[PDB]
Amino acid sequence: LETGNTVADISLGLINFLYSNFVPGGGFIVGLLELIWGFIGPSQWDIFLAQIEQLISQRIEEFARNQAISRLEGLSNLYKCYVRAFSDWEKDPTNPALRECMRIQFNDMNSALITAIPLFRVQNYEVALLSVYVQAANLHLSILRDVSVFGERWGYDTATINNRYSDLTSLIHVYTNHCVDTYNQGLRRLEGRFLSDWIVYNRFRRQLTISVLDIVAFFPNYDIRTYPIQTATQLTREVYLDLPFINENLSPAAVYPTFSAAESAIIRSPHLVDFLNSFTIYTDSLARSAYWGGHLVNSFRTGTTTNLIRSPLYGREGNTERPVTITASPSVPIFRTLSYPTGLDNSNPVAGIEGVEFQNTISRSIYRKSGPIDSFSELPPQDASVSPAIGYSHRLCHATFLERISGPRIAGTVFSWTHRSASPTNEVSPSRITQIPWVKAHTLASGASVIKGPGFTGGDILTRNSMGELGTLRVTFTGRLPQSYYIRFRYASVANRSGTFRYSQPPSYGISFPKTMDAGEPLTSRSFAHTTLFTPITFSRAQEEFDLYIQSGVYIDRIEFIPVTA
């Protein structure tokens, strides 16, 4: 019985927790132990390394490799002691002896992490180590936040607490930049000329978006000065499954599409987040082999279910069987596909999909027949202790199509998914600092473009080549009205720039974007900063519509709502 991606399983369980429980205290301290550091043994760390080693065709040098694994086992034992010292100290916090135990454990944990981290980026093996690096970096930022919140009650003096907060602040950027830089270099190494190369490249991007980049996106939340109450990051990136090939050694290379052809056909260029409303699937055939030969997609954007965007036609509109319609909705998403690729018979003349079962949270719909290629394998549910309809991690977003009519015939349907944290409603609650990426807007103003994100924000970003509007973003305030919030923007800027913030009522507000970078340098962790509107706004309608006008040279990542009280 096939196992599925155990690293994806562990990662998405961790992501679920980071989204739902990112708030200081023993619950978070025990959560990391229960989900990672008291759960993963050397057996499983081996798989972490090997999953990347197989993708890049490079085994970590053996001494460095066993050094990493035993170092991770060392951190597990230390973190067990740390959690134990915290549970103890929590019950009798004034006890000077318990306070000394925690100060000892923290000092031990921090030192072990300071020395272990470089062993997770050993020269020439940084990519293969990257998913264990991100786990150690995460643990490090978490205990540095721990001391920033509790260190005084543990008995640390003011200077060392300030020193650790300065460490947290610098290392958010250092760890972020290392993960993104290493990820980009791993991707570059997998660029090649042919479709066979694209398959590996596309798998790498999926597997490391989930096991590394998705965790990096939460790193800024560990800054308690910036996020003094609970906050949740939305992962808005699209992740893609595989082309419907069984044998992925596509030979000879000359008879198959190029790398650029596949990338350009399969990966949607940057856009506002959308959600599946329906597929219309057209069945075609070659002699007696029937397959998914083309389709339309109908999508809606966040908060606005009634304005559907119809895709251009993918593939051909065959008539071998009547068109089939597959539907989803905001609260009835499709969370699982079971695909039957034609290549399950080595003799079929088309590379494509003979059938798919779609499972939604209520019922099922089958295009032609069910198959064994299971979305749960690469995108497992974020909670396995509960039914799949309750515990899924991703919702079916879109489907693209690599078409080759001549040569070996290709009907390359590929499914794309959005993570559960990117809800189809931008909800703002007075008990959270709410983060809303601007790609969750529902209109894109003319002259505004969605551009590819750097890698650490969790999704794509907005900019303009000349001053003007981004587009309207819809919000629903939950709970008893009225509510008052400070507005804050995460942005990057090549110069001192400004903008204007509007909602559907007449008071508008100027926003400033002090320079964060130089024109022409790449976006890196420190290129993004926060800017705050210090006049709070009070809202009294549940549904609200926001606009942002910006000058050029500004990149917008997200808007944030900081409750004035509660």
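Just count from 1 along the sequence shown to find any residue number.
request  = Return whichever of 435 to 443 and 471 to 479 has the greater mean Cα B factor according to the PDB record.
outcome  = According to the entry, 471 to 479 carries the higher average C-alpha B-factor.
key: Greater mean Cα temperature factor according to the PDB record, 303 to 311 or 197 to 205   = It is 303 to 311.
message = Looking at the C-alpha B-factor values in the deposited entry, which of 216, 281, 97, 451 comes out highest?
response = Of the candidates given, the C-alpha B-factor peaks at 97.
key: Which of 131, 148, 382, 221 ranks first by CA B-factor in the deposited coordinates   = Within the set 131, 148, 382, 221, 148 shows the top C-alpha B-factor.
task = Place residue 53 in the lowest, middle or highest third of its chain's C-alpha B-factors, as listed in the PDB entry.
result = It falls in the middle third of the chain.
ask   = For residue 516, does the deposited CA B-factor place it in the lowest, middle or highest third of the chain?
value = For residue 516, the deposited C-alpha B-factor lands in the middle third.
ask   = What third of its chain's C-alpha B-factors does residue 275 belong to: lowest, middle or highest?
value = Lowest third - that is where residue 275 ends up once the chain's C-alpha B-factors are sorted.
key: Position of residue 41 among the chain's modelled residues by C-alpha B-factor, lowest, middle or highest third   = Answer is middle: the recorded C-alpha B-factor places it there.
inquiry  = Where does the C-alpha B-factor of residue 76 rank in its chain, lowest, middle or highest third?
reply    = For residue 76, whose C-alpha B-factor we compare with every modelled residue in the chain, the answer is the middle third.
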